[PDB]
Amino acid sequence: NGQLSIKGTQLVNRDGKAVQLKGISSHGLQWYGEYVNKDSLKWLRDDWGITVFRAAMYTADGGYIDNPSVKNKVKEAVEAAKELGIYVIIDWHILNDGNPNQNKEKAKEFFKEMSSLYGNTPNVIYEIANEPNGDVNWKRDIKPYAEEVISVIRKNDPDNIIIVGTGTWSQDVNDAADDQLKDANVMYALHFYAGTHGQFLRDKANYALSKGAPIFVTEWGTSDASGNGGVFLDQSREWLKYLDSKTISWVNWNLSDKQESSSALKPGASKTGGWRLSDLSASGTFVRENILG
Ligand SMILES: [Mn+2]
């Protein structure tokens, strides 16, 4: 494992071999941070074979902007990841606050603090803006934000991977690819839902890679885009086959018992892991099967 770096569009480990990370994301830490602890992460490492865990620290909706103490759960997750030898994504999970400039001063302060703490920790990956959305585009809105935040992180952490979200809920990776950041260790987020997104979205990804823009799927669901609507296993297989075909790392949404199809767990499932297959939802079962391979 160790230090990650990027060879062209390909994430590699410190040995210089290609690596395709696979894992699962928390739901918002202000609501479901109870599922995020050294016990549950260890169980995911050991039972599911995860090699990456995403700590989805919402900014809006009772998240870090209104109550910053949720940052202690991010640090808990990072310390768990270090002890367990897995990667951890620190995800500044914008959504209702769809332009990343809305909370930019607080993001910069947050990332200054995290890079300062974890700037020598190879476990950590920064995801600086989960899903830009609304009338928010790369050149005008998302790129200038990413430059300022990357500049902060790089003062403390010169080499860890930074993943930058793209327009239309991290769909418009082609627009990023036409105006790339210069940072040597940047990747662009692509998010999809198996019940909603299809070939048009793969073609955008293909276009971005052909331009040298690396892609990492920090969030995808087996559901349609609402997160409910049942599970689309055929489409999900087709998407994972496509990601495999390009060695694209991915992180499923989401580890929680929220009552909707994209949640991996059924209500009542332990907060500290050790789940029977009857504790897993249809999504959770599929996702776990695919991480194990
Ligand atoms: Mn580093």
# chains A, B, ... in the order shown; residues from 1 in each chain; ligands from 1
$ select_by_dssp --residues "segment 59-274 of chain A" --states "helix (DSSP H, G or I)" --output "number ranges by chain"
A: 68-84, 100-118, 138-156, 167-170, 173-177, 199-210, 233-245
$ residues_around --residues "segment 258-261 of chain A" --least-positions-apart "2" --cutoff "7 Å" --atoms "only C-alpha atoms" --output "number ranges by chain"
A: 223, 227-231, 256, 263, 283
$ write_last_selection --atoms "N, CA, C and O atoms" --output "compact mmCIF listing (two decimals), in the first residue's frame"
# COMPACT_ATOMS: atom_id res chain seq x y z
N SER A 223 -28.93 2.12 -6.71
CA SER A 223 -30.29 2.67 -6.81
C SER A 223 -30.40 3.62 -8.02
O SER A 223 -29.41 3.87 -8.72
N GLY A 227 -31.64 7.73 -4.57
CA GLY A 227 -31.15 6.90 -3.51
C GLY A 227 -32.19 5.88 -3.11
O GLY A 227 -31.96 5.08 -2.21
N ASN A 228 -33.37 5.92 -3.73
CA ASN A 228 -34.39 4.91 -3.43
C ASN A 228 -34.80 4.30 -4.78
O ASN A 228 -34.01 4.37 -5.73
N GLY A 229 -35.96 3.67 -4.91
CA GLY A 229 -36.29 3.15 -6.25
C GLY A 229 -35.85 1.71 -6.52
O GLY A 229 -35.97 1.22 -7.65
N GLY A 230 -35.38 1.01 -5.49
CA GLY A 230 -34.92 -0.37 -5.68
C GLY A 230 -33.47 -0.37 -6.18
O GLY A 230 -32.82 0.65 -6.25
N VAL A 231 -33.00 -1.53 -6.58
CA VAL A 231 -31.62 -1.79 -6.85
C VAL A 231 -31.57 -2.28 -8.32
O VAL A 231 -32.49 -2.99 -8.78
N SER A 256 -25.19 2.96 5.84
CA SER A 256 -26.08 3.45 6.89
C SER A 256 -27.28 2.54 6.91
O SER A 256 -27.39 1.62 6.08
N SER A 263 -28.87 2.34 0.96
CA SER A 263 -28.18 2.04 2.22
C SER A 263 -27.71 0.59 2.21
O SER A 263 -28.49 -0.28 1.80
N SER A 283 -28.56 -3.93 -1.66
CA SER A 283 -27.40 -3.12 -2.13
C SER A 283 -26.11 -3.56 -1.43
O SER A 283 -25.08 -3.79 -2.11
$ closest_atom_pairs --of "chain A" --to "ligand 1" --cutoff "8 Å" --atoms "only C-alpha atoms and all ligand atoms" --output "JSON lines"
{"residue": "A:3", "atom": "CA", "partner": "ligand 1", "partner_atom_place_in_ligand_line": "1 (Mn)", "distance": 7.4}
{"residue": "A:118", "atom": "CA", "partner": "ligand 1", "partner_atom_place_in_ligand_line": "1 (Mn)", "distance": 7.5}
{"residue": "A:119", "atom": "CA", "partner": "ligand 1", "partner_atom_place_in_ligand_line": "1 (Mn)", "distance": 4.8}
{"residue": "A:120", "atom": "CA", "partner": "ligand 1", "partner_atom_place_in_ligand_line": "1 (Mn)", "distance": 4.8}
{"residue": "A:121", "atom": "CA", "partner": "ligand 1", "partner_atom_place_in_ligand_line": "1 (Mn)", "distance": 5.9}
{"residue": "A:122", "atom": "CA", "partner": "ligand 1", "partner_atom_place_in_ligand_line": "1 (Mn)", "distance": 5.7}
{"residue": "A:124", "atom": "CA", "partner": "ligand 1", "partner_atom_place_in_ligand_line": "1 (Mn)", "distance": 7.9}
{"residue": "A:156", "atom": "CA", "partner": "ligand 1", "partner_atom_place_in_ligand_line": "1 (Mn)", "distance": 8.0}
{"residue": "A:157", "atom": "CA", "partner": "ligand 1", "partner_atom_place_in_ligand_line": "1 (Mn)", "distance": 4.5}
{"residue": "A:158", "atom": "CA", "partner": "ligand 1", "partner_atom_place_in_ligand_line": "1 (Mn)", "distance": 5.5}
{"residue": "A:159", "atom": "CA", "partner": "ligand 1", "partner_atom_place_in_ligand_line": "1 (Mn)", "distance": 4.5}
{"residue": "A:160", "atom": "CA", "partner": "ligand 1", "partner_atom_place_in_ligand_line": "1 (Mn)", "distance": 4.4}
$ write_last_selection --atoms "N, CA and C atoms" --output "PDB file, in the first residue's frame"
ATOM      1  N   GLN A   3       2.131   5.431   0.261  1.00  0.00           N
ATOM      2  CA  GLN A   3       1.932   6.596  -0.562  1.00  0.00           C
ATOM      3  C   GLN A   3       1.318   6.257  -1.937  1.00  0.00           C
ATOM      4  N   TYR A 118      -2.537  15.741   8.986  1.00  0.00           N
ATOM      5  CA  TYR A 118      -2.337  14.454   8.288  1.00  0.00           C
ATOM      6  C   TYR A 118      -1.404  14.568   7.089  1.00  0.00           C
ATOM      7  N   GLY A 119      -0.655  15.665   7.043  1.00  0.00           N
ATOM      8  CA  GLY A 119       0.255  15.966   5.930  1.00  0.00           C
ATOM      9  C   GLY A 119       1.462  15.037   5.751  1.00  0.00           C
ATOM     10  N   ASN A 120       1.645  14.117   6.701  1.00  0.00           N
ATOM     11  CA  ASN A 120       2.665  13.045   6.578  1.00  0.00           C
ATOM     12  C   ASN A 120       2.014  11.660   6.645  1.00  0.00           C
ATOM     13  N   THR A 121       0.705  11.603   6.444  1.00  0.00           N
ATOM     14  CA  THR A 121      -0.012  10.341   6.573  1.00  0.00           C
ATOM     15  C   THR A 121      -0.391   9.833   5.188  1.00  0.00           C
ATOM     16  N   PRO A 122       0.174   8.700   4.742  1.00  0.00           N
ATOM     17  CA  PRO A 122      -0.159   8.313   3.359  1.00  0.00           C
ATOM     18  C   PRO A 122      -1.610   7.798   3.209  1.00  0.00           C
ATOM     19  N   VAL A 124      -4.364   9.298   3.780  1.00  0.00           N
ATOM     20  CA  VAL A 124      -5.377  10.309   3.559  1.00  0.00           C
ATOM     21  C   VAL A 124      -5.468  10.779   2.101  1.00  0.00           C
ATOM     22  N   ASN A 156       0.933  22.133   3.424  1.00  0.00           N
ATOM     23  CA  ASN A 156       1.132  21.126   4.470  1.00  0.00           C
ATOM     24  C   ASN A 156       1.301  19.694   3.971  1.00  0.00           C
ATOM     25  N   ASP A 157       0.832  19.404   2.752  1.00  0.00           N
ATOM     26  CA  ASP A 157       0.783  18.030   2.281  1.00  0.00           C
ATOM     27  C   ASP A 157       1.126  18.097   0.813  1.00  0.00           C
ATOM     28  N   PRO A 158       2.413  17.888   0.481  1.00  0.00           N
ATOM     29  CA  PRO A 158       2.710  18.146  -0.940  1.00  0.00           C
ATOM     30  C   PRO A 158       2.290  17.032  -1.865  1.00  0.00           C
ATOM     31  N   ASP A 159       2.068  15.826  -1.381  1.00  0.00           N
ATOM     32  CA  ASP A 159       1.892  14.712  -2.342  1.00  0.00           C
ATOM     33  C   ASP A 159       0.602  13.849  -2.302  1.00  0.00           C
ATOM     34  N   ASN A 160      -0.209  13.923  -1.246  1.00  0.00           N
ATOM     35  CA  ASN A 160      -1.418  13.090  -1.201  1.00  0.00           C
ATOM     36  C   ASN A 160      -2.440  13.461  -2.283  1.00  0.00           C
TER      37      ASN A 160
END
$ residues_around --residues "residue 91 of chain A" --least-positions-apart "5" --cutoff "12 Å" --atoms "only C-alpha atoms" --output "ChimeraX atom specification"
/A:25-29,53-59,64,71,73-75,77-78,107,110-111,114,124-131,162-165,189,218-219,251
$ select_by_dssp --residues "segment 107-220 of chain A" --states "strand (DSSP E)" --output "PyMOL selection string"
chain A and resi 124-127+162-164+186-193+215-220
$ closest_residue --among "A:14, A:93, A:182, A:204" --to "residue 61 of chain A" --atoms "only C-alpha atoms"
A:93
$ closest_residue --among "A:170, A:236, A:102, A:13" --to "residue 141 of chain A" --atoms "only C-alpha atoms"
A:102
$ residues_around --residues "residue 252 of chain A" --least-positions-apart "4" --cutoff "6 Å" --atoms "only C-alpha atoms" --output "VMD selection string"
chain A and resid 24 219 to 221
$ closest_residue --among "A:52, A:238, A:67, A:161" --to "residue 197 of chain A" --atoms "only C-alpha atoms"
A:238
$ atom_distance --atom1 "atom CA of residue 112 of chain A" --atom2 "atom CA of residue 146 of chain A"
13.5 Å
$ residues_around --residues "residue 181 of chain A" --least-positions-apart "2" --cutoff "10 Å" --atoms "only C-alpha atoms" --output "ChimeraX atom specification"
/A:143-144,146-147,150,164,176-179,183-188,213
$ residues_around --residues "residue 265 of chain A" --least-positions-apart "3" --cutoff "8 Å" --atoms "only C-alpha atoms" --output "PyMOL selection string"
chain A and resi 255-258+269+279-281+284
$ residues_around --residues "residue 202 of chain A" --least-positions-apart "5" --cutoff "10 Å" --atoms "only C-alpha atoms" --output "ChimeraX atom specification"
/A:171,190,192,197,207-208,239,242-243
$ write_last_selection --atoms "N, CA and C atoms" --output "mmCIF file, in the first residue's frame"
data_model
loop_
_atom_site.group_PDB
_atom_site.id
_atom_site.type_symbol
_atom_site.label_atom_id
_atom_site.label_comp_id
_atom_site.auth_asym_id
_atom_site.auth_seq_id
_atom_site.Cartn_x
_atom_site.Cartn_y
_atom_site.Cartn_z
ATOM 1 N N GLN A 171 -20.779 15.030 -12.594
ATOM 2 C CA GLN A 171 -20.895 14.368 -13.888
ATOM 3 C C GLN A 171 -19.989 14.977 -14.963
ATOM 4 N N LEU A 190 -16.236 11.438 -10.526
ATOM 5 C CA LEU A 190 -17.329 11.057 -11.334
ATOM 6 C C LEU A 190 -18.300 10.317 -10.394
ATOM 7 N N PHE A 192 -22.189 8.409 -10.249
ATOM 8 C CA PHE A 192 -23.337 7.877 -11.034
ATOM 9 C C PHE A 192 -24.248 7.063 -10.173
ATOM 10 N N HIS A 197 -28.033 6.622 -14.669
ATOM 11 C CA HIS A 197 -27.036 7.092 -15.606
ATOM 12 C C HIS A 197 -26.494 5.978 -16.456
ATOM 13 N N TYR A 207 -14.005 10.493 -22.630
ATOM 14 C CA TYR A 207 -13.447 11.716 -23.195
ATOM 15 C C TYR A 207 -12.394 12.355 -22.247
ATOM 16 N N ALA A 208 -12.719 12.399 -20.930
ATOM 17 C CA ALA A 208 -11.801 12.944 -19.946
ATOM 18 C C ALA A 208 -10.512 12.124 -19.874
ATOM 19 N N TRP A 239 -21.822 -0.949 -15.101
ATOM 20 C CA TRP A 239 -20.940 0.093 -14.626
ATOM 21 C C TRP A 239 -19.620 -0.435 -13.994
ATOM 22 N N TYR A 242 -17.240 -1.572 -16.488
ATOM 23 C CA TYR A 242 -16.652 -0.427 -17.214
ATOM 24 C C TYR A 242 -15.500 0.158 -16.351
ATOM 25 N N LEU A 243 -15.764 0.323 -15.053
ATOM 26 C CA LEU A 243 -14.710 0.901 -14.154
ATOM 27 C C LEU A 243 -13.476 -0.031 -14.084
#
$ closest_residue --among "A:117, A:173, A:11, A:95" --to "residue 153 of chain A" --atoms "only C-alpha atoms"
A:117
